file target_26.cif (mmCIF, C-alpha atoms and all ligand atoms)
data_coords
#
loop_
_atom_site.group_PDB
_atom_site.id
_atom_site.type_symbol
_atom_site.label_atom_id
_atom_site.label_comp_id
_atom_site.auth_asym_id
_atom_site.auth_seq_id
_atom_site.Cartn_x
_atom_site.Cartn_y
_atom_site.Cartn_z
ATOM 1 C CA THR A 79 125.761 84.255 109.798
ATOM 2 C CA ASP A 80 121.984 84.618 110.104
ATOM 3 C CA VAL A 81 120.273 85.723 106.881
ATOM 4 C CA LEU A 82 118.234 88.360 108.731
ATOM 5 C CA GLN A 83 121.488 90.233 109.374
ATOM 6 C CA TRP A 84 122.284 89.991 105.651
ATOM 7 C CA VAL A 85 118.978 91.463 104.432
ATOM 8 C CA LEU A 86 118.368 94.052 107.205
ATOM 9 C CA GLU A 87 120.467 97.115 108.005
ATOM 10 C CA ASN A 88 121.982 96.564 111.431
ATOM 11 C CA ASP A 89 120.703 98.519 114.451
ATOM 12 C CA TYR A 90 118.377 100.761 112.394
ATOM 13 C CA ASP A 91 116.580 99.484 109.276
ATOM 14 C CA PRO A 92 114.374 102.434 108.236
ATOM 15 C CA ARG A 93 112.271 100.582 105.655
ATOM 16 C CA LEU A 94 111.354 97.713 107.980
ATOM 17 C CA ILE A 95 110.680 100.230 110.761
ATOM 18 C CA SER A 96 108.320 102.148 108.477
ATOM 19 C CA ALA A 97 106.575 98.953 107.310
ATOM 20 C CA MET A 98 106.120 97.796 110.923
ATOM 21 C CA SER A 99 104.916 101.216 112.067
ATOM 22 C CA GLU A 100 102.379 101.366 109.229
ATOM 23 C CA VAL A 101 101.005 97.928 110.115
ATOM 24 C CA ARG A 102 100.883 98.786 113.832
ATOM 25 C CA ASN A 103 99.223 102.171 113.211
ATOM 26 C CA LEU A 104 96.591 100.348 111.168
ATOM 27 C CA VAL A 105 95.841 97.443 113.499
ATOM 28 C CA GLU A 106 96.473 98.513 117.098
ATOM 29 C CA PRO A 107 94.481 101.798 117.107
ATOM 30 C CA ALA A 108 91.551 99.853 115.639
ATOM 31 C CA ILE A 109 91.927 97.260 118.403
ATOM 32 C CA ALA A 110 91.932 100.112 120.921
ATOM 33 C CA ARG A 111 88.784 101.694 119.464
ATOM 34 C CA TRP A 112 86.971 98.346 119.411
ATOM 35 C CA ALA A 113 88.043 97.688 122.998
ATOM 36 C CA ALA A 114 86.593 101.058 124.001
ATOM 37 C CA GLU A 115 83.382 100.141 122.157
ATOM 38 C CA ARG A 116 83.085 96.535 123.391
ATOM 39 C CA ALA A 117 84.951 95.980 126.672
ATOM 40 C CA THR A 118 82.766 95.034 129.621
ATOM 41 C CA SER A 119 83.491 95.927 133.235
ATOM 42 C CA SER A 120 84.947 92.435 133.655
ATOM 43 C CA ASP A 121 87.240 93.221 130.725
ATOM 44 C CA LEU A 122 88.084 96.549 132.389
ATOM 45 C CA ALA A 123 88.949 94.746 135.633
ATOM 46 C CA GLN A 124 91.471 92.553 133.796
ATOM 47 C CA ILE A 125 93.117 95.538 132.087
ATOM 48 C CA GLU A 126 93.160 97.604 135.291
ATOM 49 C CA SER A 127 94.661 94.694 137.246
ATOM 50 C CA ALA A 128 97.559 94.338 134.800
ATOM 51 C CA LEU A 129 98.053 98.114 134.801
ATOM 52 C CA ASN A 130 98.348 98.108 138.596
ATOM 53 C CA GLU A 131 100.824 95.204 138.439
ATOM 54 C CA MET A 132 102.923 97.175 135.927
ATOM 55 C CA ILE A 133 102.827 100.187 138.217
ATOM 56 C CA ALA A 134 103.807 98.127 141.267
ATOM 57 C CA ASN A 135 106.449 95.901 139.631
ATOM 58 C CA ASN A 136 108.236 98.485 137.473
ATOM 59 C CA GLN A 137 111.567 97.606 139.143
ATOM 60 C CA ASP A 138 112.585 94.161 137.831
ATOM 61 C CA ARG A 139 112.593 93.917 134.026
ATOM 62 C CA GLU A 140 110.767 90.582 134.040
ATOM 63 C CA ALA A 141 107.756 91.033 136.315
ATOM 64 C CA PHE A 142 106.999 94.326 134.559
ATOM 65 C CA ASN A 143 107.315 92.832 131.069
ATOM 66 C CA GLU A 144 105.204 89.927 132.334
ATOM 67 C CA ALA A 145 102.553 92.463 133.373
ATOM 68 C CA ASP A 146 102.903 94.455 130.143
ATOM 69 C CA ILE A 147 102.062 91.289 128.188
ATOM 70 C CA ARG A 148 98.970 90.675 130.335
ATOM 71 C CA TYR A 149 97.824 94.275 129.794
ATOM 72 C CA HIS A 150 97.921 94.039 126.002
ATOM 73 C CA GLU A 151 96.417 90.541 126.160
ATOM 74 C CA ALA A 152 93.485 91.838 128.225
ATOM 75 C CA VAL A 153 93.021 94.756 125.823
ATOM 76 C CA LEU A 154 93.033 92.302 122.896
ATOM 77 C CA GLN A 155 90.612 89.902 124.587
ATOM 78 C CA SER A 156 88.186 92.775 125.190
ATOM 79 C CA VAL A 157 87.862 93.148 121.389
ATOM 80 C CA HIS A 158 86.360 89.621 121.175
ATOM 81 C CA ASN A 159 87.676 88.919 117.659
ATOM 82 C CA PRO A 160 89.802 85.748 117.470
ATOM 83 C CA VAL A 161 91.057 86.482 113.944
ATOM 84 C CA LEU A 162 92.156 90.000 114.881
ATOM 85 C CA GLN A 163 93.658 88.560 118.078
ATOM 86 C CA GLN A 164 95.824 86.109 116.140
ATOM 87 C CA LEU A 165 96.863 88.857 113.708
ATOM 88 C CA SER A 166 97.931 91.201 116.501
ATOM 89 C CA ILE A 167 99.788 88.373 118.249
ATOM 90 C CA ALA A 168 101.649 87.630 115.009
ATOM 91 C CA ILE A 169 102.535 91.324 114.650
ATOM 92 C CA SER A 170 103.778 91.525 118.244
ATOM 93 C CA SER A 171 105.796 88.302 117.940
ATOM 94 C CA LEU A 172 107.484 89.596 114.782
ATOM 95 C CA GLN A 173 108.243 92.877 116.561
ATOM 96 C CA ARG A 174 110.000 91.161 119.479
ATOM 97 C CA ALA A 175 111.812 88.623 117.261
ATOM 98 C CA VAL A 176 113.357 91.305 115.022
ATOM 99 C CA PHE A 177 113.738 94.440 117.135
ATOM 100 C CA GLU A 178 116.022 95.119 120.092
ATOM 101 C CA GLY A 183 116.890 99.791 129.264
ATOM 102 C CA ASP A 184 113.181 100.663 129.457
ATOM 103 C CA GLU A 185 113.580 102.247 132.897
ATOM 104 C CA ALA A 186 114.546 105.565 131.282
ATOM 105 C CA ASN A 187 111.032 105.853 129.823
ATOM 106 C CA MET A 188 109.196 103.934 132.578
ATOM 107 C CA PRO A 189 107.177 106.986 133.735
ATOM 108 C CA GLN A 190 106.049 107.784 130.182
ATOM 109 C CA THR A 191 105.248 104.115 129.517
ATOM 110 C CA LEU A 192 103.004 103.793 132.576
ATOM 111 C CA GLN A 193 101.209 107.048 131.744
ATOM 112 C CA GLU A 194 100.498 105.837 128.191
ATOM 113 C CA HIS A 195 98.987 102.560 129.431
ATOM 114 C CA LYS A 196 96.921 104.477 131.987
ATOM 115 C CA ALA A 197 95.639 106.795 129.247
ATOM 116 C CA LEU A 198 94.653 103.847 127.050
ATOM 117 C CA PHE A 199 92.850 102.189 129.967
ATOM 118 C CA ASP A 200 91.041 105.450 130.788
ATOM 119 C CA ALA A 201 89.888 105.830 127.191
ATOM 120 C CA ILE A 202 88.670 102.220 127.109
ATOM 121 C CA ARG A 203 86.766 102.643 130.389
ATOM 122 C CA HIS A 204 85.274 105.924 129.136
ATOM 123 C CA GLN A 205 84.244 104.108 125.920
ATOM 124 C CA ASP A 206 85.945 106.970 124.052
ATOM 125 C CA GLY A 207 87.027 105.479 120.738
ATOM 126 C CA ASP A 208 88.850 108.595 119.538
ATOM 127 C CA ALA A 209 90.840 108.844 122.775
ATOM 128 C CA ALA A 210 91.683 105.127 122.669
ATOM 129 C CA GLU A 211 92.882 105.467 119.070
ATOM 130 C CA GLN A 212 95.043 108.444 120.064
ATOM 131 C CA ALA A 213 96.489 106.594 123.064
ATOM 132 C CA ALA A 214 97.415 103.615 120.873
ATOM 133 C CA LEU A 215 99.009 105.911 118.281
ATOM 134 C CA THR A 216 101.027 107.660 120.997
ATOM 135 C CA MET A 217 102.244 104.308 122.318
ATOM 136 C CA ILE A 218 103.345 103.183 118.852
ATOM 137 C CA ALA A 219 105.138 106.490 118.235
ATOM 138 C CA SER A 220 106.962 106.213 121.571
ATOM 139 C CA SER A 221 107.919 102.609 120.796
ATOM 140 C CA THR A 222 109.279 103.763 117.428
ATOM 141 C CA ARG A 223 111.225 106.744 118.818
ATOM 142 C CA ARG A 224 113.555 104.285 120.566
ATOM 143 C CA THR B 79 85.235 64.250 113.056
ATOM 144 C CA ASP B 80 87.239 67.439 112.500
ATOM 145 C CA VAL B 81 87.210 69.819 115.479
ATOM 146 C CA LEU B 82 86.442 72.803 113.233
ATOM 147 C CA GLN B 83 83.027 71.254 112.567
ATOM 148 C CA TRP B 84 82.531 70.894 116.332
ATOM 149 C CA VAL B 85 83.282 74.538 117.192
ATOM 150 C CA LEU B 86 81.745 76.252 114.116
ATOM 151 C CA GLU B 87 78.086 76.312 113.096
ATOM 152 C CA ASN B 88 77.804 74.394 109.844
ATOM 153 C CA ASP B 89 77.187 76.236 106.558
ATOM 154 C CA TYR B 90 76.688 79.652 108.217
ATOM 155 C CA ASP B 91 78.613 80.673 111.353
ATOM 156 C CA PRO B 92 77.535 84.300 111.931
ATOM 157 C CA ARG B 93 80.132 85.163 114.581
ATOM 158 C CA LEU B 94 83.099 83.926 112.545
ATOM 159 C CA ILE B 95 81.657 85.648 109.466
ATOM 160 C CA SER B 96 81.424 88.923 111.384
ATOM 161 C CA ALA B 97 84.954 88.544 112.803
ATOM 162 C CA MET B 98 86.351 87.813 109.322
ATOM 163 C CA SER B 99 84.418 90.676 107.737
ATOM 164 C CA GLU B 100 85.668 93.103 110.394
ATOM 165 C CA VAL B 101 89.282 92.054 109.823
ATOM 166 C CA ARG B 102 88.881 92.244 106.032
ATOM 167 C CA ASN B 103 87.151 95.649 106.176
ATOM 168 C CA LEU B 104 90.074 96.889 108.260
ATOM 169 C CA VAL B 105 92.969 95.497 106.231
ATOM 170 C CA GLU B 106 91.938 95.227 102.576
ATOM 171 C CA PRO B 107 90.523 98.765 102.087
ATOM 172 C CA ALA B 108 93.755 100.106 103.598
ATOM 173 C CA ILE B 109 95.748 97.955 101.168
ATOM 174 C CA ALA B 110 93.615 99.364 98.350
ATOM 175 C CA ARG B 111 94.171 102.975 99.442
ATOM 176 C CA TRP B 112 97.925 102.433 99.768
ATOM 177 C CA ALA B 113 98.004 100.787 96.344
ATOM 178 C CA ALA B 114 96.251 103.832 94.889
ATOM 179 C CA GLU B 115 98.812 106.050 96.642
ATOM 180 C CA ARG B 116 101.931 104.004 95.805
ATOM 181 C CA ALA B 117 101.432 101.821 92.717
ATOM 182 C CA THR B 118 103.667 102.667 89.775
ATOM 183 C CA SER B 119 102.721 102.216 86.130
ATOM 184 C CA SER B 120 104.648 98.933 86.187
ATOM 185 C CA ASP B 121 102.477 97.904 89.133
ATOM 186 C CA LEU B 122 99.412 99.024 87.156
ATOM 187 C CA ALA B 123 100.507 96.899 84.189
ATOM 188 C CA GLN B 124 100.631 93.794 86.398
ATOM 189 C CA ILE B 125 97.168 94.450 87.851
ATOM 190 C CA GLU B 126 95.675 95.285 84.444
ATOM 191 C CA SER B 127 97.198 92.140 82.914
ATOM 192 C CA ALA B 128 95.598 89.895 85.543
ATOM 193 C CA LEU B 129 92.294 91.747 85.146
ATOM 194 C CA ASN B 130 92.334 91.084 81.398
ATOM 195 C CA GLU B 131 93.145 87.403 82.018
ATOM 196 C CA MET B 132 90.171 87.185 84.407
ATOM 197 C CA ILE B 133 87.959 88.796 81.792
ATOM 198 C CA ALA B 134 89.179 86.450 79.051
ATOM 199 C CA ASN B 135 89.268 83.206 81.072
ATOM 200 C CA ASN B 136 86.013 83.561 83.023
ATOM 201 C CA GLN B 137 84.799 80.199 81.651
ATOM 202 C CA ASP B 138 86.856 77.487 83.397
ATOM 203 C CA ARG B 139 86.832 77.763 87.199
ATOM 204 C CA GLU B 140 90.588 77.231 87.456
ATOM 205 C CA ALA B 141 92.171 79.642 84.981
ATOM 206 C CA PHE B 142 89.906 82.399 86.311
ATOM 207 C CA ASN B 143 90.710 81.651 89.959
ATOM 208 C CA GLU B 144 94.366 81.463 88.912
ATOM 209 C CA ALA B 145 94.003 84.964 87.448
ATOM 210 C CA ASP B 146 92.025 86.232 90.449
ATOM 211 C CA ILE B 147 94.943 85.239 92.696
ATOM 212 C CA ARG B 148 97.415 87.094 90.462
ATOM 213 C CA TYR B 149 95.209 90.208 90.531
ATOM 214 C CA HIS B 150 95.126 90.415 94.325
ATOM 215 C CA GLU B 151 98.826 89.515 94.476
ATOM 216 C CA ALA B 152 99.676 92.389 92.118
ATOM 217 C CA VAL B 153 97.497 94.764 94.148
ATOM 218 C CA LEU B 154 99.281 93.623 97.328
ATOM 219 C CA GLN B 155 102.744 93.933 95.783
ATOM 220 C CA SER B 156 101.952 97.506 94.727
ATOM 221 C CA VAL B 157 101.637 98.412 98.439
ATOM 222 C CA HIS B 158 105.339 97.534 98.962
ATOM 223 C CA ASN B 159 104.908 96.464 102.602
ATOM 224 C CA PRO B 160 106.141 92.906 103.265
ATOM 225 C CA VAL B 161 104.603 92.739 106.751
ATOM 226 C CA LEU B 162 101.192 93.851 105.488
ATOM 227 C CA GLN B 163 101.613 91.440 102.563
ATOM 228 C CA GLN B 164 102.151 88.475 104.881
ATOM 229 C CA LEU B 165 99.201 89.555 107.044
ATOM 230 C CA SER B 166 96.848 89.785 104.070
ATOM 231 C CA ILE B 167 98.078 86.429 102.757
ATOM 232 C CA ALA B 168 97.367 84.869 106.158
ATOM 233 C CA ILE B 169 93.872 86.401 106.150
ATOM 234 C CA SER B 170 93.164 85.128 102.631
ATOM 235 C CA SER B 171 94.498 81.639 103.407
ATOM 236 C CA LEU B 172 92.274 81.418 106.490
ATOM 237 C CA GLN B 173 89.303 82.566 104.400
ATOM 238 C CA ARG B 174 89.775 79.819 101.795
ATOM 239 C CA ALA B 175 90.579 77.116 104.381
ATOM 240 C CA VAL B 176 87.388 77.731 106.389
ATOM 241 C CA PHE B 177 84.781 79.055 103.962
ATOM 242 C CA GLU B 178 83.030 77.309 101.081
ATOM 243 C CA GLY B 183 79.300 78.368 91.505
ATOM 244 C CA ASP B 184 80.852 81.818 91.009
ATOM 245 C CA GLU B 185 79.543 82.056 87.440
ATOM 246 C CA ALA B 186 76.229 83.441 88.725
ATOM 247 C CA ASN B 187 78.035 86.574 89.943
ATOM 248 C CA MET B 188 80.823 86.586 87.323
ATOM 249 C CA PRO B 189 79.674 89.878 85.720
ATOM 250 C CA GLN B 190 79.519 91.649 89.092
ATOM 251 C CA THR B 191 82.886 90.179 90.119
ATOM 252 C CA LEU B 192 84.665 91.432 86.993
ATOM 253 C CA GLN B 193 83.109 94.889 87.354
ATOM 254 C CA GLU B 194 84.302 95.134 90.975
ATOM 255 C CA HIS B 195 87.892 94.249 90.027
ATOM 256 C CA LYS B 196 87.753 96.747 87.161
ATOM 257 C CA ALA B 197 86.527 99.453 89.547
ATOM 258 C CA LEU B 198 89.344 98.732 92.003
ATOM 259 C CA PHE B 199 91.914 98.855 89.194
ATOM 260 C CA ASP B 200 90.454 102.141 87.913
ATOM 261 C CA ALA B 201 90.645 103.689 91.374
ATOM 262 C CA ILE B 202 94.248 102.521 91.792
ATOM 263 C CA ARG B 203 95.242 103.921 88.384
ATOM 264 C CA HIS B 204 93.459 107.201 89.176
ATOM 265 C CA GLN B 205 95.345 107.301 92.513
ATOM 266 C CA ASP B 206 91.937 107.858 94.140
ATOM 267 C CA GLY B 207 92.287 106.481 97.656
ATOM 268 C CA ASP B 208 88.641 107.017 98.599
ATOM 269 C CA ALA B 209 87.425 105.218 95.470
ATOM 270 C CA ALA B 210 89.870 102.349 96.040
ATOM 271 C CA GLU B 211 88.676 102.000 99.640
ATOM 272 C CA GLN B 212 85.059 101.938 98.440
ATOM 273 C CA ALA B 213 85.829 99.350 95.752
ATOM 274 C CA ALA B 214 87.519 97.087 98.312
ATOM 275 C CA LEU B 215 84.586 97.475 100.715
ATOM 276 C CA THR B 216 82.130 96.603 97.937
ATOM 277 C CA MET B 217 84.140 93.493 97.070
ATOM 278 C CA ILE B 218 84.177 92.336 100.697
ATOM 279 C CA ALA B 219 80.430 92.944 101.039
ATOM 280 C CA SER B 220 79.739 90.953 97.862
ATOM 281 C CA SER B 221 81.988 88.136 99.088
ATOM 282 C CA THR B 222 80.061 88.116 102.377
ATOM 283 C CA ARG B 223 76.594 88.184 100.772
ATOM 284 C CA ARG B 224 77.245 84.671 99.445
HETATM 285 ZN ZN ZN C 301 103.131 97.939 126.748
HETATM 286 ZN ZN ZN C 302 88.924 88.503 93.439
#

call {"tool": "encode", "arguments": {"input": "target_26.cif", "output": "structure tokens"}}
result
Amino acid sequence: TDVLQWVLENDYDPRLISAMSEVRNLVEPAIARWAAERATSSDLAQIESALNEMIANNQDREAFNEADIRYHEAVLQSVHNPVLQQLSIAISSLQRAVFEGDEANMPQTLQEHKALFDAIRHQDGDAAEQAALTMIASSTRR
Amino acid sequence: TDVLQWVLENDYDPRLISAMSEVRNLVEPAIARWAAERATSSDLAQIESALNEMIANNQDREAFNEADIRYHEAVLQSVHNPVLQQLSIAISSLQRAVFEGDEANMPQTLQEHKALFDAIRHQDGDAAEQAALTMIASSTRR
């Protein structure tokens, strides 16, 4: 009764998934590389704080998701590009408004966010790109 | 009396120009490469048609701009990614709603669109990327 159901294959729409994954693999690894190149230690403190909150509050699926949002928001802010920031917010809003436990991959999820933070702190653009790509692939594999 | 004037340096805002150029250099060369990789001959016919209309109607600054829009729209459609298409449309709308003769660089503009079309037809992703980058640099140099 909603047109989205009429134009998208239910549960698994491969073409939309591929379009989304292509856009994410373009934009988010670039964000990660620019964060590694531009984040200051005050930016790092905001990312690390949200990472620690994710680690600590991985039990209730509301305080963790609240801390996951702050992590990506701190990563995005460390790029210091308001246009890119709005674009990535639009991409993430579309992803959550179209796509459908999360505890079953909680250990892998925390490790991926730690690896992205470590690459950003190390100012390693290649490692940050790889961490972002891994996160997108793990998000897609669900 | 409009807040945009209050938060942006008039005529030339270097930080917004750099943010815009970074976003465009990320997204539009990728669009160009994917067009070179994915466009069909029916896609090529739509791009070539708009290119010829630009060439023919380069005199009145309304039929040319009408044909310039159709060129970029045909390039975008040849990528066959609706998410990327909406993102690039949002970027282009922001560019025209924020930024300010065009005959003085008409010859260079037509040559750049011809070079992008040639790269797309040749399915040369590197050449299409370079043509897009050149177009963005020439747009910025104004
Ligand atoms: Zn996350
Ligand atoms: Zn043009």

call {"tool": "resolve_selection", "arguments": {"input": "target_26.cif", "expression": "the PyMOL selection byres (((chain A and resi 205) around 9) and not hetatm)", "output": "list in words"}}
result
residues 111, 113, 114, 115, 116, 117, 200, 201, 202, 203, 204, 206, 207, 209 and 210 of chain A

call {"tool": "residues_near_ligand", "arguments": {"input": "target_26.cif", "ligand": "ligand ZN 301 (chain C)", "cutoff": "12 Å", "atoms": "all atoms listed in the file", "output": "PDB file with C-alpha atoms, keeping the file's coordinate frame"}}
result
ATOM      1  CA  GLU A 106      96.473  98.513 117.098  1.00  0.00           C
ATOM      2  CA  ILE A 125      93.117  95.538 132.087  1.00  0.00           C
ATOM      3  CA  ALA A 128      97.559  94.338 134.800  1.00  0.00           C
ATOM      4  CA  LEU A 129      98.053  98.114 134.801  1.00  0.00           C
ATOM      5  CA  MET A 132     102.923  97.175 135.927  1.00  0.00           C
ATOM      6  CA  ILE A 133     102.827 100.187 138.217  1.00  0.00           C
ATOM      7  CA  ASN A 136     108.236  98.485 137.473  1.00  0.00           C
ATOM      8  CA  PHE A 142     106.999  94.326 134.559  1.00  0.00           C
ATOM      9  CA  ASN A 143     107.315  92.832 131.069  1.00  0.00           C
ATOM     10  CA  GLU A 144     105.204  89.927 132.334  1.00  0.00           C
ATOM     11  CA  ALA A 145     102.553  92.463 133.373  1.00  0.00           C
ATOM     12  CA  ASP A 146     102.903  94.455 130.143  1.00  0.00           C
ATOM     13  CA  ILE A 147     102.062  91.289 128.188  1.00  0.00           C
ATOM     14  CA  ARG A 148      98.970  90.675 130.335  1.00  0.00           C
ATOM     15  CA  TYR A 149      97.824  94.275 129.794  1.00  0.00           C
ATOM     16  CA  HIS A 150      97.921  94.039 126.002  1.00  0.00           C
ATOM     17  CA  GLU A 151      96.417  90.541 126.160  1.00  0.00           C
ATOM     18  CA  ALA A 152      93.485  91.838 128.225  1.00  0.00           C
ATOM     19  CA  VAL A 153      93.021  94.756 125.823  1.00  0.00           C
ATOM     20  CA  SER A 170     103.778  91.525 118.244  1.00  0.00           C
ATOM     21  CA  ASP A 184     113.181 100.663 129.457  1.00  0.00           C
ATOM     22  CA  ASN A 187     111.032 105.853 129.823  1.00  0.00           C
ATOM     23  CA  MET A 188     109.196 103.934 132.578  1.00  0.00           C
ATOM     24  CA  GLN A 190     106.049 107.784 130.182  1.00  0.00           C
ATOM     25  CA  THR A 191     105.248 104.115 129.517  1.00  0.00           C
ATOM     26  CA  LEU A 192     103.004 103.793 132.576  1.00  0.00           C
ATOM     27  CA  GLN A 193     101.209 107.048 131.744  1.00  0.00           C
ATOM     28  CA  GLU A 194     100.498 105.837 128.191  1.00  0.00           C
ATOM     29  CA  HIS A 195      98.987 102.560 129.431  1.00  0.00           C
ATOM     30  CA  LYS A 196      96.921 104.477 131.987  1.00  0.00           C
ATOM     31  CA  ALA A 197      95.639 106.795 129.247  1.00  0.00           C
ATOM     32  CA  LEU A 198      94.653 103.847 127.050  1.00  0.00           C
ATOM     33  CA  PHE A 199      92.850 102.189 129.967  1.00  0.00           C
ATOM     34  CA  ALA A 213      96.489 106.594 123.064  1.00  0.00           C
ATOM     35  CA  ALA A 214      97.415 103.615 120.873  1.00  0.00           C
ATOM     36  CA  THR A 216     101.027 107.660 120.997  1.00  0.00           C
ATOM     37  CA  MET A 217     102.244 104.308 122.318  1.00  0.00           C
ATOM     38  CA  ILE A 218     103.345 103.183 118.852  1.00  0.00           C
ATOM     39  CA  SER A 220     106.962 106.213 121.571  1.00  0.00           C
ATOM     40  CA  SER A 221     107.919 102.609 120.796  1.00  0.00           C
TER      41      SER A 221
END

call {"tool": "interface_residues", "arguments": {"input": "target_26.cif", "of": "chain A", "to": "chain B", "cutoff": "9 Å", "atoms": "only C-alpha atoms", "output": "PyMOL selection string"}}
result
chain A and resi 93-94+96-98+100-101+104-105+108+158-162+165+168-169

call {"tool": "atom_distance", "arguments": {"input": "target_26.cif", "atom1": "CA of residue 138 (chain B)", "atom2": "CA of residue 223 (chain B)"}}
result
22.8 Å

call {"tool": "atom_distance", "arguments": {"input": "target_26.cif", "atom1": "CA of residue 131 (chain B)", "atom2": "CA of residue 155 (chain B)"}}
result
18.0 Å

call {"tool": "atom_distance", "arguments": {"input": "target_26.cif", "atom1": "CA of residue 189 (chain B)", "atom2": "CA of residue 211 (chain B)"}}
result
20.5 Å

call {"tool": "build_atoms", "arguments": {"input": "target_26.cif", "residues": "region 143-158 of chain A", "atoms": "N, CA, C and O atoms", "output": "short mmCIF file (atom, residue, chain, number, x, y, z; two decimals), in the frame of the given file"}}
result
data_model
loop_
_atom_site.label_atom_id
_atom_site.label_comp_id
_atom_site.auth_asym_id
_atom_site.auth_seq_id
_atom_site.Cartn_x
_atom_site.Cartn_y
_atom_site.Cartn_z
N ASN A 143 107.60 93.33 132.41
CA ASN A 143 107.32 92.83 131.07
C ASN A 143 106.28 91.72 131.10
O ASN A 143 105.49 91.58 130.15
N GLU A 144 106.26 90.91 132.16
CA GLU A 144 105.20 89.93 132.33
C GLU A 144 103.85 90.60 132.48
O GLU A 144 102.84 90.12 131.95
N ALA A 145 103.80 91.74 133.19
CA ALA A 145 102.55 92.46 133.37
C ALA A 145 102.20 93.31 132.16
O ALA A 145 101.01 93.57 131.92
N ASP A 146 103.19 93.75 131.39
CA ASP A 146 102.90 94.46 130.14
C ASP A 146 102.24 93.53 129.13
O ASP A 146 101.32 93.94 128.41
N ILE A 147 102.68 92.27 129.08
CA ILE A 147 102.06 91.29 128.19
C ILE A 147 100.61 91.04 128.58
O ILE A 147 99.72 90.98 127.72
N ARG A 148 100.34 90.92 129.89
CA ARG A 148 98.97 90.68 130.34
C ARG A 148 98.06 91.87 130.06
O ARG A 148 96.87 91.68 129.81
N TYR A 149 98.60 93.08 130.12
CA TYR A 149 97.82 94.28 129.79
C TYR A 149 97.35 94.23 128.35
O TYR A 149 96.15 94.36 128.06
N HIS A 150 98.29 94.08 127.41
CA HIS A 150 97.92 94.04 126.00
C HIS A 150 97.04 92.83 125.69
O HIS A 150 96.14 92.93 124.86
N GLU A 151 97.27 91.71 126.37
CA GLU A 151 96.42 90.54 126.16
C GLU A 151 94.99 90.79 126.64
O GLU A 151 94.03 90.35 126.01
N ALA A 152 94.83 91.52 127.75
CA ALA A 152 93.48 91.84 128.22
C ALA A 152 92.80 92.84 127.30
O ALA A 152 91.60 92.72 127.02
N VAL A 153 93.56 93.83 126.81
CA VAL A 153 93.02 94.76 125.82
C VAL A 153 92.54 94.00 124.59
O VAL A 153 91.43 94.22 124.10
N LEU A 154 93.38 93.08 124.08
CA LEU A 154 93.03 92.30 122.90
C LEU A 154 91.81 91.42 123.13
O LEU A 154 90.93 91.33 122.27
N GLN A 155 91.76 90.75 124.29
CA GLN A 155 90.61 89.90 124.59
C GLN A 155 89.33 90.71 124.66
O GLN A 155 88.26 90.22 124.26
N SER A 156 89.40 91.96 125.13
CA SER A 156 88.19 92.78 125.19
C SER A 156 87.63 93.14 123.81
O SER A 156 86.51 93.65 123.74
N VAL A 157 88.38 92.91 122.73
CA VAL A 157 87.86 93.15 121.39
C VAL A 157 86.96 92.00 120.94
O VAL A 157 86.06 92.20 120.11
N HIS A 158 87.19 90.79 121.46
CA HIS A 158 86.36 89.62 121.18
C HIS A 158 86.32 89.31 119.68
O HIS A 158 85.26 89.08 119.09
#
